[PDB]
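Shown next, in structure tokens, is the structure this report addresses.
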Amino acid sequence: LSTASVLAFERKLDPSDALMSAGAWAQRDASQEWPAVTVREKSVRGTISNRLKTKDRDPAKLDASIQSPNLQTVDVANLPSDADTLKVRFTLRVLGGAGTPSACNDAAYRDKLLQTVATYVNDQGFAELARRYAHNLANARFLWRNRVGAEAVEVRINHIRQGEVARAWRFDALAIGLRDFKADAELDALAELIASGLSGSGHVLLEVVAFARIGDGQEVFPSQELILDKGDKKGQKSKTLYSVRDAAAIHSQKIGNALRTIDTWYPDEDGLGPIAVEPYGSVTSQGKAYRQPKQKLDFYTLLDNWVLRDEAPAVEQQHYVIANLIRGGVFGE
Amino acid sequence: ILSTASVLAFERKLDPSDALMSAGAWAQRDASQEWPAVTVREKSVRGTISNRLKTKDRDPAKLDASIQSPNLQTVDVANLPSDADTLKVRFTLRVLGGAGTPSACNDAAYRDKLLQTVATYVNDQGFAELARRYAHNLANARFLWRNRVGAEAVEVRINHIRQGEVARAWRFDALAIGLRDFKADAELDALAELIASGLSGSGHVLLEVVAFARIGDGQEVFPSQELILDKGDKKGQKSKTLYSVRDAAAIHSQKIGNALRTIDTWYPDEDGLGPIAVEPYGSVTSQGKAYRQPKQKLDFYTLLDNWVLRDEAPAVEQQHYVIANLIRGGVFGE
């Protein structure tokens, strides 16, 4: 038995684009008619503040560079001048059937993989993974820079059966820490619901609303788009923000990156907090890959040892491997 | 061995908002909440030729024929109403905290050395000096750039906001406080203690700043000026463009934040010529020159690399400069 040359898993925990709207705290309960946050433009001139490569470090060339115009246009999203609360609303489906691939050559391989995933789901629930996922919904990881420096964040999660709410949670995203996966009662109810979604035992749809109290006219942070560089005189646009029909917005995959930041089991540390579930789990901001393949805790090494050769790894690394299967991805050679 | 991170990036602390401008009467400024905003509106203008000509176009037929064809332009102007002499400028400010910690770093040994360095700073010398100077720049009205020039009465009002209600209010005379002389006060040092509490994570600082500037009935206010995609259009279209938010004239947030970090008196030219803004390479654009060259050794990158990599701590004043650059933020690294 060997690996299939094609494996492909579809993602569970399938979120929507979060849309941003602004208003007043303690009108927070009536945040249904709040106007959107519009991506706008302003002009920018900067000065020379990057490093110099010691051949542009002559003083006359530097002063000629400073006398040069350095203009460009950027996109900004701010709250209004009479609105101090940011509202961020997305939805989320938990699907389940989280070990069945969607494109698999080798029929013996997918049989032994389903045996292994079914063994996991038999002797352990999706209980730890749903506990961790419901933490990352309970705090406001999906408010990336919008949470940074906010004085009051709260999260409102409504489970939706029809055009109607089954159950409503209301959390306090600053009391629920960014590090400690603690214990709570309503959070354990949400973890039971997400674990019933991941196991295949019900329909899970969430309405995740989060309110960050920021300040009047302060800047909010939609996720940034991708533009190509040209040599336009006196400023081509240097920054594009993402939006929908005239409303600033966060990409769905950035929210989904916040929700699968449950990995505290990597060999470096766990006082450094959870990192996101990636094969050979890498952080792009810190520029390095935790969980290298040569120090054998990689997803591919653990999966090859555990499916092809029956070497069951440690329990926490099994949580990591099943978290990669809930993530989805393009596997195989 | 230790080397610099090939990617460094710091998020800005002390981040202001856009300053919306409104107008009314002095001694009505104690109820200045429903003042109408200064609106940007267009007017025609028609100059003559006044450029410094070369020594080829100074023939009298050419110059007279240039006067024969005048330049017709549309500009936009922001004035006060003709029965309103006080300019109100209002913005909020957040002093975040966590200054030395980068937001992108390739080399996690360099990251720990930089964090040890900033913690050695904050433990030895707090944010007292920096917040004292930033409180000067809030207390005088630098963020009124040309709105302040020639005004006779500037009054700054800074509130602190815990929930939508005022924790503590300050009032100032921004012309009694200098533009150059960092003197000592008591309310200003209370504001400095608040900002130094904010800069080190010890608390929450949100500051509603309002600056009244009595100018004169009908006079001109100066919002910040936008950029044009003028594509050689027909016979002088709109050439000057001002900034507004919702038909209400405004200043950019980065121009205000420039005015807040005009702290740097430590550049090797003179403290006597007054403070410049805390940039790397000390670059002042209107002067056209770089104070604090990298050829001399008071640059941000030279001081930062000597104080982080090679353990050579600079003078205390240059430590205030380097920590103020980290509060500024920016894309450092190669």
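Please note that chains go A, B, ... in the order of the structure tokens, that every chain numbers its residues from 1, and that ligands are numbered from 1 in the order shown.
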Exercise for the section: Please determine the contact residues of chain B with respect to chain A at a cut-off of 9 Å, counting only C-alpha atoms, and supply them as a ChimeraX atom specification. Expected result: /B:7,15-20,91-97,103-108,162-164,204,206,208,225-229,243,245,252,254,279-281,283-290,293-295,301,330-334
Problem - region 69-311 of chain A: residues DSSP assigns to strand (DSSP E), reported as a PyMOL selection string - result: chain A and resi 71-78+85-94+152-162+164-172+204-213+219-220+237-239+243-244+247-250
Problem - Selection near residue 325 (chain B), 9 Å with only C-alpha atoms, sequence-local residues under 3 positions removed, as a ChimeraX atom specification - result: /B:278-280,300,320-322,328-330
Would you write out those residues with C-alpha atoms, as a compact mmCIF listing (two decimals), in the first residue's frame?
```
# COMPACT_ATOMS: atom_id res chain seq x y z
CA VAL B 278 10.48 62.14 14.02
CA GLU B 279 11.41 60.54 10.72
CA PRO B 280 14.23 58.21 9.82
CA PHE B 300 17.84 55.73 12.85
CA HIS B 320 14.31 58.79 22.89
CA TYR B 321 14.64 59.33 19.14
CA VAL B 322 14.92 55.61 18.30
CA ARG B 328 5.92 55.99 14.57
CA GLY B 329 6.03 52.60 12.86
CA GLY B 330 7.02 51.73 9.38
```
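Counting from CA of residue 271 (chain B), the distance to CA of residue 180 (chain B) is 9.3 Å.
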Fill in the blank from the handout: CA of residue 292 (chain A) sits from CA of residue 315 (chain A) at a separation of 18.9 Å
Practice task
Taking the DSSP assignment computed from this structure's backbone, write out as a ChimeraX atom specification all residues of region 53-162 of chain A that belong to helix (DSSP H, G or I).
Solution key: /A:59-66,107-123,127-138
How would the residues just chosen look if you wrote them out with N, CA and C atoms as a compact mmCIF listing (two decimals), in the first residue's frame?
```txt
# COMPACT_ATOMS: atom_id res chain seq x y z
N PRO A 59 25.13 62.12 0.53
CA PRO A 59 24.17 63.12 1.05
C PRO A 59 23.45 63.89 -0.04
N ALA A 60 24.13 64.22 -1.14
CA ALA A 60 23.49 65.00 -2.19
C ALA A 60 22.44 64.19 -2.94
N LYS A 61 22.69 62.89 -3.14
CA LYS A 61 21.68 62.04 -3.76
C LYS A 61 20.48 61.85 -2.85
N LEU A 62 20.71 61.76 -1.54
CA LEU A 62 19.61 61.67 -0.59
C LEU A 62 18.78 62.94 -0.56
N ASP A 63 19.42 64.11 -0.59
CA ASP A 63 18.65 65.35 -0.58
C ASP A 63 17.91 65.57 -1.90
N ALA A 64 18.49 65.13 -3.02
CA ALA A 64 17.77 65.16 -4.28
C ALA A 64 16.58 64.20 -4.26
N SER A 65 16.71 63.08 -3.55
CA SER A 65 15.59 62.16 -3.44
C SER A 65 14.49 62.71 -2.54
N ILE A 66 14.87 63.50 -1.54
CA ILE A 66 13.88 64.08 -0.63
C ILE A 66 13.15 65.23 -1.29
N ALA A 107 -8.15 3.17 -4.31
CA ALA A 107 -9.30 2.78 -3.52
C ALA A 107 -8.92 2.08 -2.23
N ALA A 108 -7.78 1.40 -2.18
CA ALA A 108 -7.33 0.79 -0.93
C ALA A 108 -6.88 1.84 0.06
N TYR A 109 -6.25 2.90 -0.45
CA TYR A 109 -5.78 3.98 0.41
C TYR A 109 -6.94 4.71 1.06
N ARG A 110 -8.01 4.99 0.31
CA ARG A 110 -9.12 5.70 0.92
C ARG A 110 -9.90 4.81 1.87
N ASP A 111 -9.85 3.49 1.68
CA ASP A 111 -10.47 2.59 2.64
C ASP A 111 -9.71 2.60 3.96
N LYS A 112 -8.38 2.54 3.90
CA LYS A 112 -7.64 2.54 5.16
C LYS A 112 -7.66 3.91 5.82
N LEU A 113 -7.76 4.98 5.02
CA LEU A 113 -7.91 6.31 5.57
C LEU A 113 -9.26 6.49 6.25
N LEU A 114 -10.33 5.95 5.66
CA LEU A 114 -11.62 6.02 6.33
C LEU A 114 -11.66 5.17 7.59
N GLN A 115 -10.95 4.03 7.60
CA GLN A 115 -10.83 3.24 8.82
C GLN A 115 -10.13 4.02 9.92
N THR A 116 -9.06 4.74 9.56
CA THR A 116 -8.28 5.49 10.54
C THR A 116 -9.06 6.67 11.10
N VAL A 117 -9.69 7.45 10.22
CA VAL A 117 -10.51 8.58 10.66
C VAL A 117 -11.72 8.10 11.45
N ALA A 118 -12.30 6.96 11.09
CA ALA A 118 -13.42 6.43 11.85
C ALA A 118 -12.99 5.91 13.21
N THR A 119 -11.76 5.38 13.30
CA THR A 119 -11.20 4.99 14.59
C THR A 119 -11.04 6.20 15.50
N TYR A 120 -10.51 7.30 14.94
CA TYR A 120 -10.37 8.56 15.66
C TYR A 120 -11.71 9.07 16.17
N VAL A 121 -12.69 9.19 15.27
CA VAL A 121 -14.03 9.66 15.63
C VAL A 121 -14.74 8.70 16.58
N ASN A 122 -14.35 7.43 16.59
CA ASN A 122 -14.92 6.49 17.55
C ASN A 122 -14.38 6.75 18.95
N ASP A 123 -13.06 6.68 19.13
CA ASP A 123 -12.55 6.72 20.49
C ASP A 123 -12.41 8.14 21.05
N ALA A 127 -14.59 16.74 19.96
CA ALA A 127 -14.84 17.56 21.13
C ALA A 127 -13.73 18.58 21.38
N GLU A 128 -12.47 18.16 21.30
CA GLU A 128 -11.39 19.11 21.51
C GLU A 128 -11.29 20.10 20.35
N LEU A 129 -11.49 19.62 19.13
CA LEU A 129 -11.42 20.50 17.98
C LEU A 129 -12.58 21.48 17.95
N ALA A 130 -13.78 21.05 18.34
CA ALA A 130 -14.88 22.00 18.39
C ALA A 130 -14.76 22.95 19.57
N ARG A 131 -14.16 22.50 20.67
CA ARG A 131 -13.87 23.38 21.80
C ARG A 131 -12.92 24.49 21.38
N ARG A 132 -11.89 24.14 20.61
CA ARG A 132 -10.92 25.13 20.17
C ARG A 132 -11.49 26.06 19.09
N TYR A 133 -12.23 25.50 18.13
CA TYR A 133 -12.89 26.31 17.10
C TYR A 133 -13.93 27.25 17.70
N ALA A 134 -14.65 26.81 18.73
CA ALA A 134 -15.62 27.67 19.38
C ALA A 134 -14.96 28.70 20.27
N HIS A 135 -13.75 28.44 20.76
CA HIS A 135 -12.95 29.52 21.33
C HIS A 135 -12.64 30.58 20.29
N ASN A 136 -12.10 30.17 19.14
CA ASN A 136 -11.72 31.18 18.15
C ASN A 136 -12.90 31.90 17.51
N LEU A 137 -14.12 31.39 17.67
CA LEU A 137 -15.30 32.21 17.46
C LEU A 137 -15.72 32.99 18.69
N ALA A 138 -15.39 32.51 19.88
CA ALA A 138 -15.87 33.13 21.11
C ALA A 138 -15.13 34.42 21.39
```
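If you measure from each of A:95, A:30, A:316, A:23 to residue 11 (chain A) using only C-alpha atoms, the closest one turns out to be A:95.
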Problem - Atom-to-atom span, CA of residue 167 (chain B) and CA of residue 194 (chain B), Å - result: 11.5 Å
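Summary of the local environment: counting only C-alpha atoms, residues at most 12 Å from residue 305 (chain B), other than itself and those fewer than 4 positions away along its chain, are residues 51 of chain A; 2, 3, 4, 5, 110, 113, 114, 117, 297, 298, 299, 300, 301, 309, 310, 311, 312, 313, 314, 322, 332 and 333 of chain B.
Using only C-alpha atoms, the smallest distance between any of B:249, B:326, B:177, B:259 and residue 100 (chain B) comes from B:326.
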Practice task
For region 44-52 of chain B, work out the shell of residues within 9 Å, counting only C-alpha atoms and skipping chain neighbours fewer than 2 positions away, then give it as an NGL selection string.
Solution key: :B and (42 or 54 or 63 or 66-67 or 69-76)
Fill in the blank from the handout: Counting only C-alpha atoms, the residue among B:137, B:125, B:86, B:120 that lies closest to residue 32 (chain B) is B:86
